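Student: Here we go, the starting part of the complex in its complex frame:
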Amino acid sequence: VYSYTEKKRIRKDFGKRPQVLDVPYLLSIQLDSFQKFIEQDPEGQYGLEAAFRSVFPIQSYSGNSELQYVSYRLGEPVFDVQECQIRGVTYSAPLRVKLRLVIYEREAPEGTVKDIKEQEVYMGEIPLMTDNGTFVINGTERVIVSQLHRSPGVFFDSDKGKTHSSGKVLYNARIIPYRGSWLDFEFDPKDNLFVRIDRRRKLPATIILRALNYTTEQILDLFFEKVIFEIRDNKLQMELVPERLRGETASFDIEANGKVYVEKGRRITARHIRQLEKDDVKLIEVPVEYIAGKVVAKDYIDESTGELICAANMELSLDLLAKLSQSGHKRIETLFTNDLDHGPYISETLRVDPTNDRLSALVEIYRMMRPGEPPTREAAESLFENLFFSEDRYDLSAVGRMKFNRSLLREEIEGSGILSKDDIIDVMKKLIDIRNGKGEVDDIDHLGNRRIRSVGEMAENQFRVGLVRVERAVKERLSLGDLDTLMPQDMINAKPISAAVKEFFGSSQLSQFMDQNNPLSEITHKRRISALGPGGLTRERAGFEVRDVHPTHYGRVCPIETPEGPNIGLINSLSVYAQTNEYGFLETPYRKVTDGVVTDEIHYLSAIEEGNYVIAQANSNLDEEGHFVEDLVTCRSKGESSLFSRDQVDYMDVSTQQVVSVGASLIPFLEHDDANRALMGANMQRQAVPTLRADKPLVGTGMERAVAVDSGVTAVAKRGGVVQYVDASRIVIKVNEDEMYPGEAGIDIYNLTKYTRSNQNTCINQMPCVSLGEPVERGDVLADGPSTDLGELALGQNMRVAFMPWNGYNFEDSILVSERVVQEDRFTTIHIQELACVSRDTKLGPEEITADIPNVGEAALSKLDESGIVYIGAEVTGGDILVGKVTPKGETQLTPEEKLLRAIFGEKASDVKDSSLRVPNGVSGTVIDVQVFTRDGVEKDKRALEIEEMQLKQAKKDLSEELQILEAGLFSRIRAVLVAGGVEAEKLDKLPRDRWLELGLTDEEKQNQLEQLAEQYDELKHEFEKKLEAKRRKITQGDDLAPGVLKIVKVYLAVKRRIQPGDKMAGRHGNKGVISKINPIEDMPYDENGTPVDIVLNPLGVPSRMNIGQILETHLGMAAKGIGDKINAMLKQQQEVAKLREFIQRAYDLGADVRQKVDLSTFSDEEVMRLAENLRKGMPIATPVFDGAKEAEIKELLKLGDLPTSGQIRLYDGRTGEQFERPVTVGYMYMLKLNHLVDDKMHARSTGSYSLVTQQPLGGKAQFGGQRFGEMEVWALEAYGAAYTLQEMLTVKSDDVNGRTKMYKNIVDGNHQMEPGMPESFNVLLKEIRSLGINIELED
């Protein structure tokens, strides 16, 4: 079950859980989101259609000039993606709106349609997403990180603790709609519900109940239960309920029929309730003093003269009990309250409600909302009925209304978009019950409260904003009834809409530079989930509920992969299987568990519904039919996992990588690392700069291939076929005839990207991993980009590390790297800087790029060509002139004796100043490119035409090669059609090939296909013609530079950094350390066989930093290279494919019950020698994250090689040749080279530039500015008595403008002594204080 190019290097997969659901498209979020956005589906689906349906049509305010929306279209980009990268312009698509404007010439009837104007107006260019879910916004490549913001709905938060300083938890609910006013129901330290509409004063909570036309009686009927008293011949007997008298204190002796159950003072038992039900007692006799404190339920009036004996919410008393018995009342209904569970809150909040009836409720709401205005009946009722109950203003969106219904345990998933009295009452009910103990508040760091945005939603929102601005402006224009003389083009702008979407995609906190020193960086920065930016919390505000990881993250956000440091827990990253709901919530798949068998149908559960079900565990065996083998299985029900019955589970997890992200899936042995260690490991792995040539992990987790293919660096097949021509630049694929369309014969052709600078200046380029005439299949890798080997992500190199001290050279976390590691060039990296020389137009005159530069030797201009620019390929070192340029400078007013020294030697003073672009200090790399842009209508120099002539020749010669490829394929298909029915055997190939498009055949549908092929060939000829013409016209156009510049000369340099002391290397388990020496090979701790270890690592970093994963991977890598050494020996002392096949088949089974059934008998004998060659340097080994190889498997694989089972070797000192006591761990560990390169960290300065306003060291060489001698260092030098050090550190070396130039003389004069003076910081401060009215002077 392995493809042809999949027995090249098969990874021996450990891991026993079969895979039920293959890893989805990793970049699915970005891609399908924008496909949602830039999409023509005329319905309720979001996108641009939604924006235009919302804002249009527009109408005059009874002036009746309707400007309505007809349709729209996406105009194709005027520049390719790569030309947008080169020429410094975003990659957009003009957005045409077929708009229509009917003039409602209104007389009758009711404004009939009079005349119409349809026009296609242009409103902004919307940036587009490339094939890899990324944008090109100014030539730089950017990514719109998805945002995770709270949703419309109702949330019950407590605000426990610090509030009120009495310890008492508060409880407030909030209805936050998509658009409208908030609505808060806040408890208070004295328990009575309040209200607070947006942030106004806290009205009571019964005022809104009254505003809904609820009188007191049915309000108390809503929020309470009822206790019934009646005079059944003994003084208002009680209508007793069994359950309600639980956990109470006996207020009296509750007895029945002579049966004594409750003695007062005797607190109620549960035995008491069990017996009160076992006797079925409902009507009892009680003291008359019990009804004293309680509260009536309805306004009890008398009928003698309508005597208001008692109204609702009026507590009784024995006097009112007498007044109630005297008027002959039997029913006495009271609020059943109790301070434990049925707390009285509505009662007290009515007793504090200063209002009594509805209209006063409205008027107090009005005085709250819009104060000062005298309120009235009509305006108040209108305000209330247009607060939340009018679709004009309020909007609980579908997201919000779904959340609202689901939060109150409703079954209707979609209702109105406006609040109902039922809805508000139910919110208050649920809030009171959350106060009662029935339920507990939601955690606002829930993943069920926060929904996810994306680039296809935030762009659309910015578009709606621009549309609303332009619609208001169009209303303003149309209100002035000019005439029929205009169609909807002059009334519509483009600066507003274009400016809105531009200021989104170009300067936002969610539109970031794409990380590019990896496949992993790109593909894991397109999957980020930020909580910053617009519409979400911020590092300032947040916060510690948000930094944290809630139980709902399982399968939705990686809990171990987050950028630690300042914003940790604010940039959480998606997991592998996590999709987004239709509403924006994050779903993860679970295999449905039927009666007892795990069905293979997966349900994508959201984060809100996931708590109801008993979701089982992925580490769960199965009886080969979906049957759990254990008695009770471990599941997780509502946050907390536990043992649950086998025939109780509703779901099982899909795989065990379901919880770790794409980054934290490439860590072998994640199970064995301390979680913070895996966090630092994923973060550091996300920076491993590519090396000169890639190298597969000797110990992987199988996810490298998915990550590399899902990324875009790899070039992979669109259709299977035979590789007809390979090359460093391009691959050509004669398509398999089965996968070929009917017409347009064709053969695929992939032009690889050779050397080019990433966003981090590291190198991007692709190598063909397929040879001439090699069968490719669809979805297969033909070009392995940077950091990938045969389509497997390879950030590092597997180095032979020995865990041992070695003389202090790895003291804290240093790494002692041998010199064979820098000899063999297995950490050299290629770095592509770009320098640029712009020739602006100063007032004194435009500058020039002449190679006649003043005051320079004839060696300095050796490398420059005739026009000034450097040659291509000129090896350069720091200081050399890349682009000689001279600026106009005249005059200068030379001084005295310099005057005499120019009058003596007669060397004139040149009227030009030297400002040429020279290589930085320290950089030393070949100039691999030169690009010259010019202002339009400015004479191109001699060497700006040596580029365009060569570029036109290359373009036409490439569109010639491609048309020869395509015509070769078409003629091959034509010949194949003439294999029968028109077959000329041996001079058909001799005939003119142009005399093939209409050759004589049996004129059946075969001739139809041949006419297809001929017409395809002619269309191809014309297509290549106009391709070359448009390419020429684009190459020979004047580039558009920013104003003031004439020509920009860009020079791309390709330095080759080599690993050296100072540079920072790291394993994948978060074991960082800067390599702090390069040892001779003869000093490395070698073994009895003679081989030196390559790297030496401190043992002591394992126990403290609890990451056993790194030593486990040392052992397993030693095993995997030991199974490769045997194969290599067998392959050099040639045995034959039989015995080699035998050993590989042994090494490939080698474990417990694993799903890596591989048998080397379905392999052609030369298919086993390609494999046997690619396993020569060690066999790869897969190890899924929490499904890895167990230690017994490691020992067995060691024993299969001839290594020691203990994982440890005896090693001899390289220098003294003696043997280390206590054998050492030595194994092959995968080591990454982060780009915290020392060649960038190291800088220094003595005297350079200075700032203009605050004359302090500025620098600007990145960074020639000195070091910031901050405040803590001032205290450190006051701690010593170092007064002179401090003084010179803040006056002579920093600020004092005379003292510093005066001391640079004294240093050179052999005199180490300064005259400090007074810092220009203090002179400026004096000038500023004095520039107030404050006279500040210096008393002599």
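Tutor: Great, that's in hand. Residues are numbered from 1 along each chain as shown, chains lettered A, B, ... in the order given.

Student: Pull out the buried residues from stretch A:503-517.
Tutor: Neighbour counts over stretch A:503-517 (16 or more other Cβ atoms under 10 Å) mark A:504-505, A:508, A:510-511, A:514-517 as buried. (C-beta placed from N, C-alpha, C; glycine too.)

Student: Now, those residues that are in helices?
Tutor: Members of the buried residues of stretch A:503-517 lying in helices (criterion: DSSP state H): A:504-505.

Student: Closest to residue A:219 out of the buried residues of stretch A:503-517?
Tutor: residue A:510 (46.7 Å; Cβ to Cβ).

Student: Now that closest one. Its backbone dihedrals?
Tutor: Residue A:510 adopts backbone torsions of phi -110, psi 0, taken as degrees, to the nearest 10.

Student: quick one: it and residue A:145 touch, right?
Tutor: Yes - contact criterion Cβ atoms under 8 Å: residue A:510 and residue A:145 qualify, at 5.0 Å.

Student: what residues do those two have in common as contacts?
Tutor: residue A:530 (Cβ atoms under 8 Å, 6 or more residues apart in numbering).

Student: Include this sequence as chain B:
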Amino acid sequence: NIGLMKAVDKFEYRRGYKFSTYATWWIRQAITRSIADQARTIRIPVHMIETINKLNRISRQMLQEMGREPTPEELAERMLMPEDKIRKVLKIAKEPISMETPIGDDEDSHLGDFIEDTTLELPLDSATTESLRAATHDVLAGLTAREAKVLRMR
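Tutor: Putting chain B onto the chains we already have gives this:
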């Protein structure tokens, strides 16, 4: 208000014209005048503001029509200017960015911290002038008072 006093002293009942339509004439005049005068730090005169305004008004038009964007070639086409003073006009229109712009850096840095100094002479270039003064005083000392005095004086 100042233009209103101006028009009130120049309002006439003899045409029988209502006050507002004419005082608003004078008021729009004076208000646009003071806008063009004191709304920009680097004062361009009022005619330059009118020229940049007509350039902008022919820019939105040429954008909505020609699809892509105006250009100095296109604008010198549609407008009656010589293709180069339009260059300098569109160079002139932009506002000085504030020197307290919050830069996109770590230290809360601003745009005023990176503006280097092009007038200062580097202390290698003052100690390369005092060395020259000493050298010339030496080489002149190797000379008669005739040459020395006449060269220090010339």
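
Student: residues touching whichever residue of chain A sits closest to chain B, list them.
Tutor: Residue of chain A nearest chain B, by Cβ to the nearest Cβ: residue A:1304 (3.3 Å). Contact analysis of residue A:1304 by Cβ atoms under 8 Å, 6 or more residues apart in numbering or on different chains lists A:1247, B:123-124, B:126-127.

Student: which residues touch the spatially most central residue of chain A?
Tutor: Nearest to the geometric centre of chain A sits residue A:528, at 1.5 Å (Cα atoms, centre = their mean). When contacts are counted by Cβ under 8 Å, 6+ apart, residue A:528 is found next to A:145-146, A:571-574.

Student: go on, residue A:1258?
Tutor: Applying Cβ under 8 Å, 6+ apart, the residues near residue A:1258 are A:1248-1251, A:1264-1265, B:113-114, B:116-117.

Student: Can you tell me which of the residues you listed is nearest residue A:439?
Tutor: For the contacts of residue A:1258, the nearest to residue A:439 is residue B:113 (55.1 Å; Cβ to Cβ).

Student: throw chain C on there as well:
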Amino acid sequence: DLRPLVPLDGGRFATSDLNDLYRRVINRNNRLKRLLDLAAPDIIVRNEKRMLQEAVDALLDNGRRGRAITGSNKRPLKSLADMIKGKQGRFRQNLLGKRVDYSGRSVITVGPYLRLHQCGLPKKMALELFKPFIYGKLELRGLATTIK
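Tutor: Okay, here's chain C dropped in alongside the others:
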């Protein structure tokens, strides 16, 4: 030169907000002089005096009487009081701790062979920190004729 207006790349200048505030004070002061010498309607003169007062207070301490004005790019213009005070002011951030010459920065490694009083300093990082001393010592030993 404390409130400078500096030429940037492209001819678009760069100015400190104090020029905006001084300009707003000066225009309003000239207009008050104008209105005073017109015998203007004294309510307009009241408004001019009030606006000039507000301008002088934005100049002295913006955002201390009303709301910060404004700024031209929708951010509160900083005034002299803002130039002194604040964590990012002048008493604190360049008065107590400032940038310093004769200083470098590099990744530290270990090197266990050192004696306790000494540390390895890269040759490349040392040839830049001691350039004055090296120029002096070259010109002193006669290995080089002059400082150049």
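
Student: quick recheck of the contacts of residue A:1258 now chain C is there?
Tutor: With Cβ under 8 Å, 6+ apart, residue A:1258 has these contacts: A:1248-1251, A:1264-1265, B:113-114, B:116-117, C:99.

Student: Just the buried residues of the residues you listed.
Tutor: Among the contacts of residue A:1258, those that count as buried by neighbour count (16 or more other Cβ atoms under 10 Å in any protein chain shown) are A:1248-1251, A:1264-1265, B:113-114, C:99.

Student: mind checking the backbone torsions on the nearest residue in space to the residue nearest to the centre of chain A that is not next to it in sequence?
Tutor: Closest residue to residue A:528 apart from its sequence neighbours, by Cβ to Cβ, 6 or more residues apart in numbering or on different chains: residue A:145 at 4.5 Å. Here is the backbone geometry of residue A:145 (degrees, to the nearest 10): phi -70, psi 130.

Student: Repeat that for residue A:661.
Tutor: Torsion angles, degrees, to the nearest 10, at residue A:661: phi -80, psi -180.

Student: hey, what's it bridged with?
Tutor: Counting by DSSP bridges, residue A:661 is bridged to residue A:575.

Student: I'd assumed residue A:576 was in contact with it.
Tutor: Yes - counting by Cβ under 8 Å, residue A:661 does reach residue A:576; the two are 6.8 Å apart.
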